[PDB]
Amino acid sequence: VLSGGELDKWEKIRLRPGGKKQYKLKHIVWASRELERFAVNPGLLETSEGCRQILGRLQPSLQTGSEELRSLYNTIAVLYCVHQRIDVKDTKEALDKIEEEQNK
């Protein structure tokens, strides 16, 4: 899913703003299993364009989405930023960037 350089960036990103815990490999495994449970191709996680397609497929479900769906969306937003080489310190900054790109 991620190259060696992308994995180094991934594991520096904090789960919550100002928190200590950071993303791990297991979050990518979890996201991949989650997409399977939602009948979405986990192979889309491998590219920026694939993550964009996943976010677009999930976005109409966000307003009413459970905590599980929101966490999945947030995780793939971070992955999109890592693929795009966008520097983000935490999950919220990636969501900010997703909103900014969509509005552009």
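All residue numbers are counted from 1 along the displayed sequence.
Between 73-81 and 36-44, point out the one with the higher average CA B-factor as the PDB entry records it. According to the PDB entry, the answer is 36-44.
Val29 - which third its CA temperature factor falls in, relative to the rest of the chain: Middle third - that is where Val29 ends up once the chain's C-alpha B-factors are sorted.
Pull the Cα B-factor of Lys9 out of the PDB entry and bin it into the chain's lowest, middle or highest third. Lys9: CA B-factor falls in the middle third of its chain.
How does the C-alpha B factor of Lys21 compare with the rest of the chain: lowest, middle or highest third? Highest third.
Taking the chain's C-alpha temperature factors as the reference, tell me which third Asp90 falls into: lowest, middle or highest. Lowest third of the chain for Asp90's C-alpha B-factor.
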